[PDB]
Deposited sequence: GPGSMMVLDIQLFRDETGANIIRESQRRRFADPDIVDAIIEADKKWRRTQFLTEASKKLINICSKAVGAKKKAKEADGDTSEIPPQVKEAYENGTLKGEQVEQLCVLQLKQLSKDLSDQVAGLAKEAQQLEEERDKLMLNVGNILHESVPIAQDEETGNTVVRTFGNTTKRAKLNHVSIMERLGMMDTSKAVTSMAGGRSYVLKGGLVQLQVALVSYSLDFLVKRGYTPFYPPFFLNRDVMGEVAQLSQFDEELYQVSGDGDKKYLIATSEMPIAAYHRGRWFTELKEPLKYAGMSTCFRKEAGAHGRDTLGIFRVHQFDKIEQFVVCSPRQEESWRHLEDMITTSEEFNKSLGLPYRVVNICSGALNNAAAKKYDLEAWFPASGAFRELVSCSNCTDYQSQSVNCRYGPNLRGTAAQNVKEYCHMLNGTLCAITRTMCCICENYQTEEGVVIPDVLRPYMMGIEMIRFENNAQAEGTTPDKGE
């Protein structure tokens, strides 16, 4: 059943419907769908209006019979029949209500979050993404790519010894690379703790019902493994953003003078159904990887979320600067944005052997898209004419395997890989991991 889509409230006002139509056109999506959603919703509201009315009339029938029969009268027989009929009508109204919600929500799958005014308008990323900032020597060239380096270290196995055990794109890390992996986890966690984030270690399973509130329906198809055996069926998490968002379901923050900031720490599991033969090379694109994630829950007011988005990307930049990895920050074009995001920044690191900018980090302001889906409310209650929801953002701090790949290319020498200065105290003071002699 459950699925994550845009708030219905914005559709029920002429000005809001026009905001959504405009955002649809700017995303290269269908604006005509907004009318279809308003109509389905108008029918749905009608069923709810009749249901609330008829329920009140069911008590009228009950109280009437209670007063009449206490008065010792032999119309009661009619009132009883009318109670059964209204209960029948309410039952019929509910089945119709259900069908209409299903139709509405399925139409809404095609409606994205309202674009920020700064999002570039383009359908294609190569031409369409706008470069915001660059850091370091982004034209640097180096000898060996990350796959060759990790193979020459003797510290990564992606051969049939592993894939015949664990399937395609599975890998073993050994020795110095595991030390580096752990160094990055711990350094990444500390980096965020120092910036006011609360560490958060989630369950790696979510139930279907809950996963449906924080995942787009296409993610079930392309990205989420199903887990079974123990009670209800579950899904492995693709990112700690899922359980962190789900953790706020049904919550209500009367105010958030300070944001909630979490440093999500987890293994991430991705089926990568789309990537038939994209990579297959190294640990750059794998089904299982550690990631440290920024997650922010904040007030929906005064565009505070937009300020946090800037802080979050700046945080990921400062992290990569600390590692000395060259990069560019790009503002993702409207055609490439997922539905939840109102704006997205990617930090794409320069891979000097490979000769390419490759995404290490994405940071998104999802405003009230997830929040309305998980029902994470904000402010005072209606009983204020609008229901307010918290804003939520999420952004990579460090995706560990891709960052390891970038470090290997950028810090290679003839003898091995130099460990970035900041990571050394997190791996026993090791200055370099060395190639197998030949």
> When the deposited sequence is counted from residue 1, which ranges lack any model?
Replying inline: 1-2, 77-104, 414-417, 473-484
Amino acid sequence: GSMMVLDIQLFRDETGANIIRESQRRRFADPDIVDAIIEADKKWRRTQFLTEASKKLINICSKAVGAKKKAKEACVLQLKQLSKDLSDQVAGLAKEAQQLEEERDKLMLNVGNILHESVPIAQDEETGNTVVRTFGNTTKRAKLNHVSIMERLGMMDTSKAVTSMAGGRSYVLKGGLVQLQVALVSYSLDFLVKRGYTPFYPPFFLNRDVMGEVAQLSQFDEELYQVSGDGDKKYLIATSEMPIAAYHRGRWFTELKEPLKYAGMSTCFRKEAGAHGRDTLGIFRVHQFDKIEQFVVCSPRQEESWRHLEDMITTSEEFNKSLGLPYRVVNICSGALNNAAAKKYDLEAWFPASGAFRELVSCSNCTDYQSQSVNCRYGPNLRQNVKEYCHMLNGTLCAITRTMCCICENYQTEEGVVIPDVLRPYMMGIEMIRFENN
From here on, numbers count along this sequence of modelled residues.
> What stretch has the higher average Cα B-factor here, 408-416 or 37-45?
Replying inline: 37-45
> With respect to the recorded C-alpha B factors, which stretch has the higher mean value, 365-373 or 25-33?
Replying inline: 25-33
> Can you tell me which of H146, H276, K194, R133 has the highest Cα temperature factor in the record?
Replying inline: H276
> Between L57, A399, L393, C390, where does the Cα B-factor run highest in the record?
Replying inline: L57
> Which third of the chain holds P259 when residues are ordered by C-alpha B factor: lowest, middle or highest?
Replying inline: middle
> Based on the entry's values, in what third of the chain does the Cα temperature factor of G92 lie: lowest, middle or highest?
Replying inline: highest
>> Per the entry's values, where does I313 land by CA temperature factor relative to the rest of its chain, in the lowest, middle or highest third?
In response: lowest
> So where's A353 on the chain's Cα temperature factor ranking, which third?
Replying inline: middle
>> Where does the C-alpha B-factor of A74 rank in its chain, lowest, middle or highest third?
In response: highest
